[PDB]
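Given next, in structure tokens, is a single chain: the form deposited in one PDB entry.
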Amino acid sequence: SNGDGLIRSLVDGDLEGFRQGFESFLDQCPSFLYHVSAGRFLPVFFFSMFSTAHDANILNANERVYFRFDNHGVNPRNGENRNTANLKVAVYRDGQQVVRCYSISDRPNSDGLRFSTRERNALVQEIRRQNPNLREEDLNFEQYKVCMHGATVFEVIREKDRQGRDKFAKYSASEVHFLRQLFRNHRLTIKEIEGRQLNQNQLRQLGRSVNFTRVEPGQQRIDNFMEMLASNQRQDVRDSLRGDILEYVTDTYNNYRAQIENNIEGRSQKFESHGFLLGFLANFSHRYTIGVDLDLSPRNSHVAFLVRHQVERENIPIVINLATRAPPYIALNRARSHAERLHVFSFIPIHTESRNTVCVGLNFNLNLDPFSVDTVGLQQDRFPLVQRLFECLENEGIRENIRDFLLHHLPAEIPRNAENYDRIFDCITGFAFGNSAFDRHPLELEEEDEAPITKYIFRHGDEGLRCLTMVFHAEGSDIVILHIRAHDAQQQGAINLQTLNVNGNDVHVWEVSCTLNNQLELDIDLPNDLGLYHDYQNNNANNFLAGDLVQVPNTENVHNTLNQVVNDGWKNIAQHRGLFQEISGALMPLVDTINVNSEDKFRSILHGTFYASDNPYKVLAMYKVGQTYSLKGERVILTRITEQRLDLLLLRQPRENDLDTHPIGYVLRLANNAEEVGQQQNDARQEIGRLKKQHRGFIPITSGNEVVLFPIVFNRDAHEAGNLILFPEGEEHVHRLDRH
């Protein structure tokens, strides 16, 4: 990069230079702002930056740094101890009168954010330990606030200088907690606490309850640590991580373990561990093109990153799993599994064509062996859903793989909570349909034989019942009924399969039932052999569910058109129009059966369709292209952050003589009636213009200088297939990338 460095600008008091350098780092960690309020993620992140700056030759030795974690403590409104805090850092240099103080927390109104009187005295006490001849009259305190909170906004503030006692606050966060514990009343206000008297012993204890710690450079310089990781040789990357780099990170963490672990309960080890590692990487963000992919969702603790100068095409991805309770050798197994399937989970494989990765299990809490390292090859993301559905009938563990296939391809931007239950259900059912309805391959039996599959979808009589029912009939082989229903969609009955032409005498009927429970996990019951076909049809004559079985039309022509679309005809509008004419032709017979009820349903169906077809090689749903930043004796710098996301992104695989990935982007909207159609096309076309303002996000994903973008509106109330999917009629679809 071309910045001055985050810590360098901050210490110099260059608030504008720090702002531009920080938004450049945010471009490098696109998920950073999702977790700025999770525990002490942000304070530990900034502490790690300050604690490794000297070793990185960012700060000089005479630029002494002092810090403390000002933990928020008990919440006066529920009595529970919080796990958040304010980080307070001061920099002092002998000979310079200005002492810059920084208060870092997610919110500018966070409790006790300002430096307190006792914090000033504890800091001066620490400064005097190295400078015994200190004259406090010659010290000029410059106090700052650095905050970022959720849209998302980040604020850098130069506080106004206050006179007399108002120069510093009455209490820090931990002081208020100390006194609330001392008085055994967590609901006491600051004004009430001020009224209470303290004996000489209590005031002495309160004064030493706050104390600063000097950050001291170690015996190892880390200037060239990112050079070790900017490599295309997995053995070199593994050796550098196993030795210098991960030894330094864990040992530096150990040097401040007492300040990190003490005076806080319910500490979020997960988010603090990731924040600590990110602060180390951020000290190089101004000199290297580092891509950091963070998955800190519930039940996930992954960080995958790639280190390069800028143009390198085959540098080694590094995949880390941060454990807090399990030993790091188990975390290494999780990191190896995450790295093997990196094409599913991460955007990192878009920035490198390396087939080798380095995986790391790391747990900062362990004193012995806090990390383990290995290498593993990168596998292709090509899961055959219908084939595995037939295989899971007689084989263990395949149900878990089927479940993982559906869940792992959900968009990361949709949280898996009860508030978004219908969003998750629309995505799973739509993706499962697109995969199964557009897979052109026959069934491969275990014995040396192959059979074509006729696919059906069942339209339940109750249009409110949330259940995707599909039937897969392989010729001369068994029949599989697939159910994916909501938690309140349980039924008692059988699907009538009389419409099927069963010629074999050994044809069985199987049932694979999936349920998305209230906790948004996908339970797949054991497959049930419902007996012989004619035996199954004899029974259940009085137990057949109400509804209709619709046959899925042939979709072989979509794969051929997709081949021409992603390759030679990716900039030809007529070729894209023909592709969606054929998708409309395949969907119109069953449109009201599959029920395209939401934008998520429409997007997920196309996601499964494009995934199953050989072309495109890669398709990403709700792909974040980047973000936009808007700027809005006290100096307040406030920046609003707006994300640009692509509903669908299609990409080729880079070849040796064809580095252009032909990036194709689709903006998808759904119109329920004619009145919404014009307003959905307008919103989709306006979203296109917002994407055309982003250039730096598209540059690393292709070697060319063009990106194709098309607005697509699903017309739910269309009466013929020709108007089901609305494509622009008749320029404006080739976004010229300005690399200048």
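We call the rigid core the largest set of C-alpha positions that still match within 1.5 Å between the two forms. Residue indices: 1-based, along the sequence shown.
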With respect to the deposited sequence, is there a break between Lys632 and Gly633 in this entry, and if so is it 1 to 3, 4 to 9, or 10 or more residues, or none at all? 4 to 9
Please figure out whether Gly150 and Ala151 are truly consecutive in the deposited sequence or have unmodelled residues between them, and give none, 1 to 3, 4 to 9, or 10 or more. 4 to 9
Averaging the C-alpha temperature factors as deposited, the higher value of 199-207 versus 111-119 falls on 199-207
With reference to the PDB entry, specify whether the mean Cα temperature factor is higher for 163-171 or for 86-94. 163-171
Identity of residue with top Cα B-factor, from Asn365, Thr289, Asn557, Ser105: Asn557
Based on the PDB entry, the highest CA temperature factor among the options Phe305, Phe433, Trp510, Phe225 is that of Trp510
What third of its chain's C-alpha B-factors does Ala721 belong to: lowest, middle or highest? highest
What third of its chain, lowest, middle or highest, does the C-alpha temperature factor of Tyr536 fall into? highest
Determine, from the deposited record, the chain-internal third of the Cα B-factor for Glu247: lowest, middle or highest. lowest
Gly504 CA temperature factor, ranked by third within the chain: highest
Using only modelled residues of the chain, where does the Cα B factor of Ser31 rank: lowest third, middle third or highest third? lowest
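Not pictured, yet referred to below: the form deposited in another entry.
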Sole member of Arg577, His441, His408, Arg128 with a C-alpha shift of at least 2 Å between the shown form and the other one (core-superposed): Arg128
Flag for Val215, CA shift 2 Å or larger between the shown form and the other one after aligning core: no
Honestly, after the rigid core fit, is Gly461 moving at least 2 Å at Cα between the shown form and the other one? no
Examine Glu227 after superposing the rigid core and state whether its CA is displaced by 2 Å or more between the shown form and the other one. no
